[PDB]
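Undergrad: Once you've had a glance at the structure underneath, I'll fire off some questions.
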Amino acid sequence: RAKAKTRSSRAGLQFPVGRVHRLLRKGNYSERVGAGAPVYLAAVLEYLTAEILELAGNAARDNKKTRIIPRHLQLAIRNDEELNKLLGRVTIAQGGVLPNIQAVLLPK
Amino acid sequence: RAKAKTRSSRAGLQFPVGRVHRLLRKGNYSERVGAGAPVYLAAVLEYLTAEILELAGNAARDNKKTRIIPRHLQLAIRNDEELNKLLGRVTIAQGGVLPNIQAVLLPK
Amino acid sequence: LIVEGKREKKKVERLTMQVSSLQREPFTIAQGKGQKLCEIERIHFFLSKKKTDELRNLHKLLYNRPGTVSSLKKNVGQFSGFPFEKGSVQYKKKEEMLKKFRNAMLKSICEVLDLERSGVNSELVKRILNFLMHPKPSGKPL
Amino acid sequence: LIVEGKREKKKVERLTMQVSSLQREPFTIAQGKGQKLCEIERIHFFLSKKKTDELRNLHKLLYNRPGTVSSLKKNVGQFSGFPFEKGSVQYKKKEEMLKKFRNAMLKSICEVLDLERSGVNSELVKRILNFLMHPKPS
Amino acid sequence: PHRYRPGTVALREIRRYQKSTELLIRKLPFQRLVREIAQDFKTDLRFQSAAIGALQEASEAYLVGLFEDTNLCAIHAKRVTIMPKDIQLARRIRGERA
Amino acid sequence: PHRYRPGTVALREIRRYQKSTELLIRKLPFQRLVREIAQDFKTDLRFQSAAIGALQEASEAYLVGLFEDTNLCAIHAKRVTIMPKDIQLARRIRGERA
Amino acid sequence: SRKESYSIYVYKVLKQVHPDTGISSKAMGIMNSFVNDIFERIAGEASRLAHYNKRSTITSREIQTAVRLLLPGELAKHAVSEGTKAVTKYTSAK
Amino acid sequence: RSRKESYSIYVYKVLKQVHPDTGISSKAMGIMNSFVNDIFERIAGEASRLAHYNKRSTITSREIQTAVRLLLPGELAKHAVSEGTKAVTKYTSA
Amino acid sequence: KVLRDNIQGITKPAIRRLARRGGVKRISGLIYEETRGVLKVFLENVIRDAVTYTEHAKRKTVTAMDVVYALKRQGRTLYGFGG
Amino acid sequence: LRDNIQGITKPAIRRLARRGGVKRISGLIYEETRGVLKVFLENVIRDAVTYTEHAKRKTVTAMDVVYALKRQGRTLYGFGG
DNA sequence: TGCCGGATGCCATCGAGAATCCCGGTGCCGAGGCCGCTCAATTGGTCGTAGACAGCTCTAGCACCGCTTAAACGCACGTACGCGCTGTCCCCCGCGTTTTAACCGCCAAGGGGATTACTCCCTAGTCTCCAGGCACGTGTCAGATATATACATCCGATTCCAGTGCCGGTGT
DNA sequence: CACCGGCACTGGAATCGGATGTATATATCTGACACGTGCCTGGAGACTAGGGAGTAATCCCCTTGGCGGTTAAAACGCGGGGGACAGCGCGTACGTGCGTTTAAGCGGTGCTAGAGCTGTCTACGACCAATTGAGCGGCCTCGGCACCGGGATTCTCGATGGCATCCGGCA
């Protein structure tokens with residue numbers, strides 16, 4: 001027998017292809033599932049996660065912090081147009097609110 | 001081989017039990033379907049259709065007409081609280097709008 | 001679990017934003033226990049000869065609202081006194097509004113009402129306030 | 001189907017309602033091509049002897065604004081004429097405001113400005129309007 | 001010599017158009033607009049008549065709803081005339097913009 | 001005695017509470033309210049702590065969003081104070097009312 | 001080349017309630033959409049509930065819960081009564 | 001005693017690649033786990049619909065590619081689609 | 001052929017009629033451009049979704065089914081066109 | 001348990017408003033806020049109780065709560081699921 | 001009797017006091033690495049079917065052309081509604097003191113969740129087969145259309161006066 | 001200039017009154033629908049065979065009370081200023097109507113592009129059996145962050161001195 005090589009390693013990905021394939025098979029989405037779908041889904045999920053984490057890390061660095069807390073995720077999500085559109089109806093626990101005040105309420 | 005009786009006649013309904021069963025089994029909803037699900041679903045659908053048709057027919061009678069047109073359906077749906085809540089995000093072609101004018105616009 | 005009869009049908013409630021407008025005009029003041037300032041020939045004569053600003057100040061004193069220049073003379077002439085008595089919350093509230101008027105404006109109001117322009121602020125206030133309860137024809141020939 | 005480089009990042013625009021405009025102490029006197037009404041001794045003398053109501057009507061004519069009784073005499077005395085010329089939209093708009101004044105108020109304004117109280121409404125209007133372009137010591 | 005009071009014909013038109021059910025936009029200009037918009041995404045596209053009908057119906061319903069919400073917002077501010085600020089506020093609150 | 005003009009402390013509290021992320025409603029009264037409400041649908045029910053936590057987070061987020069929309073409505077009408085009419089208008093436009 | 005619809009069944013119900021009332025062709029296009037639309041909503045909700053509790057079958061209990069989740073207060077009460085009576089009749093009068 | 005299933009490690013692996021010296025908290029991973037699941041059901045559900053939509057039986061990369069373009073906004077769709085195409089091409093060649 | 005300047009096909013009286021159905025009395029002069037922009041955005045979204053749907057099916061004609069399906073995907077269900 | 005809606009004190013509503021950017025608050029807001037919160041809680045709790053009824057359980061888990069919130073289009077993160 | 005007078009009512013700029021940052025010191029619990037294993041992922045071989053590809057047939061979407069006629073387009077006018085200014089008073093904000101119960105740190109008990117074992121009804125998979133539902137053709141009646149008519153508002157004449165320039169005229 | 005009269009028009013509200021929009025009553029006319037008929041393929045009936053879940057034990061978490069002890073938050077007055085609300089006046093920008101322009105809808109005639117159908121293979125994913133190492137539960141360790149306090153910097157805001165238009169006298 002040949003030495004085992006994970007499909008994630010074959011596709012150059014970090015997310016597990018086999019786990020996604022099993023979930024698609026057992027999720028009652030369709031009776032037959034193609035060979036290439038798990039690779040595509042894993043790549044898309046990895047790209048989205050990396051894109052969110054980059055902004056979260058930038059926000060955390062801007063606040064003189066090392067570890068990421070949900071407030072940083074909320075700031076990163078609410079400060080990007082595309083991610084805000086994607087997550088319009090999503091509530092993040094312990095996320096807070098973007099600092100904003102109407103200009104009329106400001107003193108003269 | 002006895003003479004056949006339709007399951008709708010057995011349950012005393014008008015909607016097709018067999019067709020609903022076939023749609024459920026071919027609809028990719030679950031691996032197996034129980035025996036009593038189509039009867040329940042057909043009964044619920046028949047009750048809802050009967051309620052809507054009764055309201056529309058009452059409206060059409062009120063409008064001094066014999067046949068039912070989409071305007072009558074729109075009036076019947078929009079003038080009932082439960083039906084309006086159920087069909088809040090539904091557009092009916094050739095339905096028009098409910099006659100409603102704000103009080104401020106009306107002249108003294 | 002099984003219920004009898006039809007369901008109860010309910011109506012939909014639509015939001016309406018109340019106007020709180022029109023519903024008649026409150027500019028006209030309530031008829032008091034005295035003679036109209038237009039029937040007292042001498043007060044009607046002084047009212048005909050006085051400037052718009054005395055009339056604005058008098059309409060503000062009588063009806064608490066700014067009067068339109070055309071209505072202003074009619075609205076003051078149709079005043080028949082106040083409907084309230086000495087010591088009422090309305091009497092006290094008018095007495096303070098009189099104490100808050102400049103001495104020259106009290107002397108101008110006395111001259112509209114055929115009241116004497118002489119004496120202390122507190123007496124001009126008392127003499128105007130007694131006259132605005134019961135506007136009496138002063139009997140003095142024009 | 002393969003895109004090169006990174007992805008452009010846009011900024012979210014938030015709807016902000018109009019804050020309007022307000023002024024607290026403008027203290028504005030647009031200086032015209034003429035002498036101040038306070039330097040013309042005779043107009044300063046008439047301005048010192050006139051009632052508050054003539055001064056209110058004149059401040060409404062000059063600055064289109066109701067004047068506070070204390071400021072009213074200072075604000076009229078510091079008027080140096082209008083900065084606009086004969087035939088301007090501002091000249092026409094003042095001429096109409098003069099035509100809309102009662103003949104007695106035009107005669108009172110003439111007496112503040114050392115202008116003659118005689119003649120027709122249209123002449124009192126013309127004589128005041130020429131004087132408010134170039135306030136000349138008479 | 002006989003002129004109708006301003007606002008009266010507006011109310012007559014309101015009562016007339018709150019009862020009818022037909023479309024209120026000319027068909028050919030809407031077809032041209034739809035084809036022009038679609039020509040950007042893909043060239044040489046054909047449309048069925050029912051597709052254009054459905055698009056017109058959905059668009060008219062959406063515009064009517066937006067105008068009703070705008071009327072409510074404009075009435076809120078003690079006015080009877082609708083202005084673009086009301087449209088912007090209605091779209092912002094509905095969730096169609098940020 | 002030092003005294004502040006009306007308005008400064010409100011802005012200070014706005015800045016303070018727009019920066020932190022802790023819950024603003026005390027836990028025990030909210031727990032009692034949730035249990036009383038859930039009594040009607042079924043008796044002798046039992047609640048895990050995480051369920052009450054999730055309900056509290058959802059309620060706080062919903063109220064904050066509603067108050068933001070109400071503030072927008074009130075500012076649109078040339079005012080600075082919020083009134084029940086603003087809440088009614090916001091709930092009508094958002095679609096939570098008929 | 002065979003197309004199915006709820007044409008005959010909607011007509012059958014209409015004659016039961018209003019003996020002397022007709023219907024137009026366009027009104028039926030709406031009724032077909034309404035019956036289908038409710039079908040996906042109930043089936044979709046009930047399909048999840050089976051996967052929800054690690055179950056493989058859809059029974060009348062799943063439909064009963066799915067109806068209660070989707071319909072408003074008074075509508076859900078009567079719809080359940082209609083379903084319960086029909087199921088009993090089918091089981092008994094087999 | 002059952003084994004639990006989550007994406008905790010892979011989010012950590014991605015984080016190290018982009019920010020080598022940035023840590024993450026336990027509460028933060030709770031949000032990230034839900035986000036990955038939420039996107040998974042949205043894309044798969046849309047792709048599942050399309051198969052029954054055109055009378056097809058299998059879900060292949062074309063269904064996932066179209067489902068991505070329908071869900072993601074403008075600029076996200078362009079880059080995500082390119083990312084998937086690169087992965088499939090590398091997998092096929094190997 | 002190339003189509004250009006068709007957003008002006010939505011005439012001012014048509015916008016007036018659509019507004020009058022909504023129960024408005026007075027319309028300011030700046031409404032029309034804003035309404036045209038909003039309509040353009042909405043049509044752009046729906047048509048993009050419909051074009052994607054018809055592209056996946058390898059067809060060259062946009063069917064009514066694609067339009068109703070896109071409208072359902074956007075949260076605005078339409079009745080009376082087969083779905 | 002009776003009269004528990006009074007537990008949502010006036011300062012709590014004031015703080016919640018301050019988080020949203022409100023500068024001045026009327027005197028009749030609190031009753032309306034209590035009514036709105038009660039209605040929202042009633043809907044969510046009813047859905048969660050139905051969900052936990054279907055499973056033949058007696059303790060409401062947070063999973064039912066987050067799934068109800070998802071049903072009403074209010075997806076919540078960070079609480080499992 | 002009329003000035004006199006100050007004499008409150010009206011603009012300035014502290015520095016106090018409070019609020020808000022910034023940095024050094026200490027602890028602790030949650031985040032970050034190791035270990036074993038066992039179960040989920042990988043590898044190799046079969047096979048039967050879903051999907052790609054190659055024609056044919058028509059349906060209908062596109063394209064061009066008069067025409068007629070209703071809707072769109074300018075243009076003028078005037079009147080109402082939007083908008084700004086001013087005054088008031090009453091309602092909500094800021095602060096100190098007294099209650100009040102939420103929060104926190106343990107004890108305990110039992111209901112109810114979570115996990116195996118058996119089995120037994122309950123539903124999928126096949127063969128017939130026949131009858132309910134779907135396409136095709138039709139004719140007649142309910143709705144659309146056309147006038148003729150009586151009823152319901154709607155707006156601006158009338159008038160009318162009560163008010164009013166200005167004009168014109170006069171001993172001072 | 002000043003002073004009066006009469007020769008001038010002048011616009012609020014109650015009262016008829018035509019003009020126009022609209023619902024009602026017959027009289028024709030047509031095409032859409034409710035019905036009838038032939039046919040065909042999908043639901044019914046009768047079976048078999050295998051497993052999904054209902055019931056029964058069994059065990060241990062974790063939910064609910066229960067009890068004290070602080071101490072920060074909530075409730076209650078009490079001034080007092082500023083913001084909501086009403087009233088008024090002004091200006092210009094839309095509503096209404098009329099005359100001139102134009103293209104929308106209708107009917108008609110052709111053309112061919114591709115949507116849908118059928119038939120033929122064939123490569124691919126479900127299925128099964130045998131391995132094996134990847135990730136998860138468990139455990140241990142240390143430093144990033146939460147306080148905690150001492151200074152250090154900044155942001156309002158009610159005191160100084162000022163500036164002329166009242167009020168009641170008094171010689």
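Following the order of the structure tokens, first chain is A, next is B, and so on, with residues numbered from 1 inside each chain and ligands from 1 in the order they appear.
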Report as a Markdown table: every residue of chain I with an atom at most 8 Å from chain H, its closest pair of atoms, and their distance in Å to one decimal, counting only C-alpha atoms, with rows sorted by chain and ascending residue number.

TA:
| residue | atom | partner | partner_atom | distance |
| --- | --- | --- | --- | --- |
| I:49 | CA | H:70 | CA | 6.8 |
| I:52 | CA | H:66 | CA | 7.5 |
| I:56 | CA | H:66 | CA | 6.9 |
| I:57 | CA | H:54 | CA | 7.1 |

Undergrad: Find the spatial neighbours of residue 73 of chain H, counting only C-alpha atoms (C1' of nucleotides), within a cut-off of 12 Å - ignore same-chain residues fewer than 5 positions away - and output them as number ranges by chain.

TA: A: 80-88; H: 67-68, 78-81; I: 45, 48-49

Undergrad: Using only N, CA, C and O atoms, please write the residues we just selected to a file, as a tab-separated table (two decimals), in the first residue's frame.

TA:
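Contents of part.tsv, freshly written:
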chain	number	residue	atom	x	y	z
A	80	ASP	N	-16.31	47.00	7.29
A	80	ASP	CA	-16.11	46.57	5.91
A	80	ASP	C	-17.46	46.41	5.24
A	80	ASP	O	-18.37	45.79	5.80
A	81	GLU	N	-17.60	46.96	4.03
A	81	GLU	CA	-18.90	47.01	3.38
A	81	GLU	C	-19.38	45.62	2.97
A	81	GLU	O	-20.53	45.25	3.25
A	82	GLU	N	-18.53	44.85	2.30
A	82	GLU	CA	-18.95	43.54	1.81
A	82	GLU	C	-19.28	42.59	2.95
A	82	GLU	O	-20.29	41.89	2.91
A	83	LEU	N	-18.43	42.56	3.98
A	83	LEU	CA	-18.69	41.69	5.12
A	83	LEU	C	-19.93	42.13	5.88
A	83	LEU	O	-20.67	41.30	6.40
A	84	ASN	N	-20.17	43.44	5.95
A	84	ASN	CA	-21.39	43.93	6.58
A	84	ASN	C	-22.63	43.50	5.80
A	84	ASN	O	-23.64	43.13	6.39
A	85	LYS	N	-22.56	43.56	4.47
A	85	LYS	CA	-23.67	43.08	3.66
A	85	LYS	C	-23.90	41.59	3.86
A	85	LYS	O	-25.05	41.14	3.94
A	86	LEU	N	-22.82	40.81	3.94
A	86	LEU	CA	-22.96	39.37	4.12
A	86	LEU	C	-23.55	39.02	5.48
A	86	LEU	O	-24.29	38.04	5.59
A	87	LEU	N	-23.24	39.79	6.51
A	87	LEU	CA	-23.64	39.51	7.88
A	87	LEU	C	-24.58	40.58	8.42
A	87	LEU	O	-24.43	41.06	9.54
A	88	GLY	N	-25.56	40.98	7.61
A	88	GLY	CA	-26.45	42.05	8.01
A	88	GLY	C	-27.34	41.69	9.19
A	88	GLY	O	-27.58	42.52	10.07
H	67	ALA	N	-23.49	28.87	-6.84
H	67	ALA	CA	-24.03	29.23	-5.54
H	67	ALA	C	-23.19	30.29	-4.85
H	67	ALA	O	-23.72	31.12	-4.10
H	68	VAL	N	-21.87	30.28	-5.07
H	68	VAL	CA	-21.01	31.30	-4.49
H	68	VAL	C	-21.34	32.67	-5.06
H	68	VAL	O	-21.43	33.66	-4.33
H	78	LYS	N	-15.69	37.65	-6.83
H	78	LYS	CA	-14.63	37.52	-7.81
H	78	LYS	C	-13.43	36.77	-7.24
H	78	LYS	O	-12.87	35.88	-7.89
H	79	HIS	N	-13.01	37.13	-6.02
H	79	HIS	CA	-11.81	36.53	-5.45
H	79	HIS	C	-12.07	35.12	-4.93
H	79	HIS	O	-11.21	34.25	-5.05
H	80	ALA	N	-13.24	34.88	-4.34
H	80	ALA	CA	-13.55	33.55	-3.83
H	80	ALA	C	-13.64	32.53	-4.96
H	80	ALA	O	-13.19	31.40	-4.81
H	81	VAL	N	-14.24	32.92	-6.09
H	81	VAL	CA	-14.34	32.01	-7.23
H	81	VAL	C	-12.96	31.67	-7.77
H	81	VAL	O	-12.69	30.52	-8.12
I	45	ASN	N	-30.08	44.63	-9.49
I	45	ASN	CA	-29.94	43.46	-8.63
I	45	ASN	C	-30.74	42.28	-9.16
I	45	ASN	O	-30.21	41.16	-9.33
I	48	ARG	N	-29.36	40.89	-12.47
I	48	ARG	CA	-28.13	40.14	-12.28
I	48	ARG	C	-28.41	38.74	-11.76
I	48	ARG	O	-27.83	37.75	-12.26
I	49	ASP	N	-29.30	38.62	-10.78
I	49	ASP	CA	-29.62	37.29	-10.26
I	49	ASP	C	-30.27	36.42	-11.34
I	49	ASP	O	-29.93	35.24	-11.48

Undergrad: Report as a list in words all protein, DNA and RNA residues lying within 12 Å of residue 10 of chain F, evaluated on only C-alpha atoms (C1' of nucleotides), omitting residues in the same chain fewer than 4 positions from it.

TA: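 Once the nearby chain positions are removed, what remains is residues 105, 106 and 107 of chain A; 4, 5, 6, 14, 15, 16 and 17 of chain F; 14, 15, 17, 18, 19, 21, 22, 23, 24 and 25 of chain J; 93 and 94 of chain K.
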
Undergrad: Print the selection's residues with N, CA and C atoms (P, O5', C5', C4', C3', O3' and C1' of nucleotides) to a file, as a PDB file, in the first residue's frame.

TA:
ATOM      1  N   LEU A 105     -26.532  66.583  17.814  1.00  0.00           N
ATOM      2  CA  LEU A 105     -26.460  66.473  19.267  1.00  0.00           C
ATOM      3  C   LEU A 105     -25.195  67.094  19.843  1.00  0.00           C
ATOM      4  N   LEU A 106     -24.158  67.273  19.034  1.00  0.00           N
ATOM      5  CA  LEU A 106     -22.917  67.843  19.536  1.00  0.00           C
ATOM      6  C   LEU A 106     -23.142  69.293  19.961  1.00  0.00           C
ATOM      7  N   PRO A 107     -22.443  69.711  21.021  1.00  0.00           N
ATOM      8  CA  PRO A 107     -22.558  71.079  21.542  1.00  0.00           C
ATOM      9  C   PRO A 107     -22.040  72.113  20.532  1.00  0.00           C
TER      10      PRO A 107
ATOM     11  N   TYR F   4     -23.170  71.073  36.820  1.00  0.00           N
ATOM     12  CA  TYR F   4     -22.968  70.988  35.384  1.00  0.00           C
ATOM     13  C   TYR F   4     -24.227  71.418  34.645  1.00  0.00           C
ATOM     14  N   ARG F   5     -24.033  71.996  33.466  1.00  0.00           N
ATOM     15  CA  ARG F   5     -25.163  72.352  32.629  1.00  0.00           C
ATOM     16  C   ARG F   5     -25.835  71.090  32.095  1.00  0.00           C
ATOM     17  N   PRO F   6     -27.149  71.128  31.887  1.00  0.00           N
ATOM     18  CA  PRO F   6     -27.845  69.949  31.352  1.00  0.00           C
ATOM     19  C   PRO F   6     -27.343  69.596  29.961  1.00  0.00           C
ATOM     20  N   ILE F  14     -22.901  58.638  27.233  1.00  0.00           N
ATOM     21  CA  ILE F  14     -22.953  58.051  25.895  1.00  0.00           C
ATOM     22  C   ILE F  14     -21.577  57.535  25.498  1.00  0.00           C
ATOM     23  N   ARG F  15     -20.548  58.357  25.710  1.00  0.00           N
ATOM     24  CA  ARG F  15     -19.193  57.935  25.371  1.00  0.00           C
ATOM     25  C   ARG F  15     -18.759  56.746  26.218  1.00  0.00           C
ATOM     26  N   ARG F  16     -19.114  56.746  27.506  1.00  0.00           N
ATOM     27  CA  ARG F  16     -18.712  55.647  28.378  1.00  0.00           C
ATOM     28  C   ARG F  16     -19.354  54.334  27.950  1.00  0.00           C
ATOM     29  N   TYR F  17     -20.652  54.351  27.659  1.00  0.00           N
ATOM     30  CA  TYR F  17     -21.386  53.124  27.382  1.00  0.00           C
ATOM     31  C   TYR F  17     -21.287  52.674  25.932  1.00  0.00           C
TER      32      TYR F  17
ATOM     33  N   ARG J  14     -32.537  53.691  30.685  1.00  0.00           N
ATOM     34  CA  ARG J  14     -31.721  54.861  30.377  1.00  0.00           C
ATOM     35  C   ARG J  14     -30.354  54.454  29.847  1.00  0.00           C
ATOM     36  N   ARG J  15     -29.721  53.461  30.475  1.00  0.00           N
ATOM     37  CA  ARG J  15     -28.422  52.996  30.001  1.00  0.00           C
ATOM     38  C   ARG J  15     -28.525  52.386  28.609  1.00  0.00           C
ATOM     39  N   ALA J  17     -30.670  53.115  26.293  1.00  0.00           N
ATOM     40  CA  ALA J  17     -30.806  54.221  25.354  1.00  0.00           C
ATOM     41  C   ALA J  17     -29.479  54.936  25.145  1.00  0.00           C
ATOM     42  N   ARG J  18     -28.713  55.137  26.218  1.00  0.00           N
ATOM     43  CA  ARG J  18     -27.431  55.822  26.088  1.00  0.00           C
ATOM     44  C   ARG J  18     -26.470  55.043  25.209  1.00  0.00           C
ATOM     45  N   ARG J  19     -26.541  53.712  25.237  1.00  0.00           N
ATOM     46  CA  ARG J  19     -25.716  52.927  24.325  1.00  0.00           C
ATOM     47  C   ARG J  19     -26.064  53.221  22.871  1.00  0.00           C
ATOM     48  N   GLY J  21     -27.087  56.118  21.651  1.00  0.00           N
ATOM     49  CA  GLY J  21     -26.799  57.486  21.281  1.00  0.00           C
ATOM     50  C   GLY J  21     -27.868  58.506  21.605  1.00  0.00           C
ATOM     51  N   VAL J  22     -28.863  58.152  22.411  1.00  0.00           N
ATOM     52  CA  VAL J  22     -29.948  59.070  22.746  1.00  0.00           C
ATOM     53  C   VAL J  22     -29.455  60.076  23.777  1.00  0.00           C
ATOM     54  N   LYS J  23     -29.794  61.348  23.573  1.00  0.00           N
ATOM     55  CA  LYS J  23     -29.355  62.427  24.450  1.00  0.00           C
ATOM     56  C   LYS J  23     -30.421  62.869  25.443  1.00  0.00           C
ATOM     57  N   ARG J  24     -31.692  62.847  25.054  1.00  0.00           N
ATOM     58  CA  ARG J  24     -32.785  63.255  25.924  1.00  0.00           C
ATOM     59  C   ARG J  24     -33.918  62.247  25.814  1.00  0.00           C
ATOM     60  N   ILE J  25     -34.558  61.952  26.942  1.00  0.00           N
ATOM     61  CA  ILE J  25     -35.567  60.904  27.020  1.00  0.00           C
ATOM     62  C   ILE J  25     -36.846  61.479  27.609  1.00  0.00           C
TER      63      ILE J  25
ATOM     64  P    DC K  93     -33.972  63.709  30.795  1.00  0.00           P
ATOM     65  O5'  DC K  93     -32.710  64.467  31.407  1.00  0.00           O
ATOM     66  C5'  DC K  93     -32.094  65.513  30.672  1.00  0.00           C
ATOM     67  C4'  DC K  93     -31.223  66.371  31.573  1.00  0.00           C
ATOM     68  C3'  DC K  93     -30.178  65.604  32.373  1.00  0.00           C
ATOM     69  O3'  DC K  93     -28.966  66.333  32.416  1.00  0.00           O
ATOM     70  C1'  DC K  93     -31.585  66.797  33.845  1.00  0.00           C
ATOM     71  P    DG K  94     -27.606  65.599  32.846  1.00  0.00           P
ATOM     72  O5'  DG K  94     -27.304  66.175  34.306  1.00  0.00           O
ATOM     73  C5'  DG K  94     -26.975  67.546  34.472  1.00  0.00           C
ATOM     74  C4'  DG K  94     -26.723  67.879  35.935  1.00  0.00           C
ATOM     75  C3'  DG K  94     -25.866  66.877  36.698  1.00  0.00           C
ATOM     76  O3'  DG K  94     -25.041  67.569  37.620  1.00  0.00           O
ATOM     77  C1'  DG K  94     -27.981  67.040  37.727  1.00  0.00           C
TER      78       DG K  94
END

Undergrad: For segment 45-61 of chain C, find every residue with an atom within 8 Å (counting only C-alpha atoms (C1' of nucleotides)), except residues of its own chain fewer than 2 positions away, and show them as a PyMOL selection string.

TA: chain C and resi 41-43+63-67+69+72-73+75-77+94+97-98+105+108-109+111-114

Undergrad: Would you please extract all alpha helix (DSSP H) residues from chain B, as assigned by DSSP on the backbone, and give them as a VMD selection string?

TA: chain B and resid 7 to 11 17 to 26 37 to 62 70 to 78 81 to 86

Undergrad: Please return, as a list in words, all residues of chain G lying within 8 Å of chain C when only C-alpha atoms are considered.

TA: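 Close to chain C, chain G has residues 74, 75, 78 and 81 of chain G.
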
Undergrad: Taking 3 positions as the minimum chain separation for residues in the same chain, which residues sit within 12 Å of residue 121 of chain L when counting only C-alpha atoms (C1' of nucleotides)? Answer as an mmCIF file with N, CA, C and O atoms (P, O5', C5', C4', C3', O3' and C1' of nucleotides), in the first residue's frame.

TA:
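Done, and the output landed in part_7.cif:
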data_model
loop_
_atom_site.group_PDB
_atom_site.id
_atom_site.type_symbol
_atom_site.label_atom_id
_atom_site.label_comp_id
_atom_site.auth_asym_id
_atom_site.auth_seq_id
_atom_site.Cartn_x
_atom_site.Cartn_y
_atom_site.Cartn_z
ATOM 1 P P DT K 49 -29.020 0.056 -13.270
ATOM 2 O "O5'" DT K 49 -29.185 1.642 -13.296
ATOM 3 C "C5'" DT K 49 -28.880 2.390 -12.130
ATOM 4 C "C4'" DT K 49 -28.040 3.603 -12.470
ATOM 5 C "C3'" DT K 49 -28.702 4.592 -13.430
ATOM 6 O "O3'" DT K 49 -28.623 5.901 -12.899
ATOM 7 C "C1'" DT K 49 -26.517 4.086 -14.141
ATOM 8 P P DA K 50 -29.924 6.842 -12.862
ATOM 9 O "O5'" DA K 50 -29.323 8.319 -12.945
ATOM 10 C "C5'" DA K 50 -28.408 8.765 -11.956
ATOM 11 C "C4'" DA K 50 -27.350 9.676 -12.556
ATOM 12 C "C3'" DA K 50 -27.879 10.915 -13.260
ATOM 13 O "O3'" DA K 50 -26.955 11.974 -13.103
ATOM 14 C "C1'" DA K 50 -26.770 9.533 -14.828
ATOM 15 P P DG K 51 -27.359 13.471 -13.512
ATOM 16 O "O5'" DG K 51 -26.388 13.799 -14.732
ATOM 17 C "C5'" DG K 51 -24.989 13.669 -14.566
ATOM 18 C "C4'" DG K 51 -24.293 13.611 -15.911
ATOM 19 C "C3'" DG K 51 -24.710 14.701 -16.898
ATOM 20 O "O3'" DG K 51 -23.569 15.195 -17.574
ATOM 21 C "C1'" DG K 51 -24.974 12.598 -17.889
ATOM 22 P P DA K 52 -23.563 16.684 -18.170
ATOM 23 O "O5'" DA K 52 -22.677 16.556 -19.492
ATOM 24 C "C5'" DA K 52 -21.413 15.909 -19.433
ATOM 25 C "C4'" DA K 52 -21.057 15.302 -20.779
ATOM 26 C "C3'" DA K 52 -21.319 16.207 -21.978
ATOM 27 O "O3'" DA K 52 -20.251 16.119 -22.904
ATOM 28 C "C1'" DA K 52 -22.527 14.180 -22.222
ATOM 29 P P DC K 53 -20.100 17.222 -24.060
ATOM 30 O "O5'" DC K 53 -20.594 16.462 -25.376
ATOM 31 C "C5'" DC K 53 -20.039 15.200 -25.712
ATOM 32 C "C4'" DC K 53 -20.794 14.566 -26.864
ATOM 33 C "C3'" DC K 53 -21.251 15.538 -27.955
ATOM 34 O "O3'" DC K 53 -20.954 14.999 -29.235
ATOM 35 C "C1'" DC K 53 -23.075 14.253 -27.201
ATOM 36 P P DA K 54 -20.937 15.943 -30.534
ATOM 37 O "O5'" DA K 54 -22.049 15.300 -31.482
ATOM 38 C "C5'" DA K 54 -21.959 13.930 -31.845
ATOM 39 C "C4'" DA K 54 -23.204 13.484 -32.593
ATOM 40 C "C3'" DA K 54 -23.775 14.506 -33.568
ATOM 41 O "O3'" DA K 54 -24.268 13.843 -34.723
ATOM 42 C "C1'" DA K 54 -25.407 13.968 -31.951
#

Undergrad: Counting only C-alpha atoms, collect the residues of chain C whose closest atom lies at most 10 Å from chain B, and write them out as a list in words.

TA: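 Within 10 Å of chain B on chain C, we get residues 6, 9, 10, 11, 12, 13, 14, 15, 16, 17, 18, 19, 20, 21, 22 and 23 of chain C.
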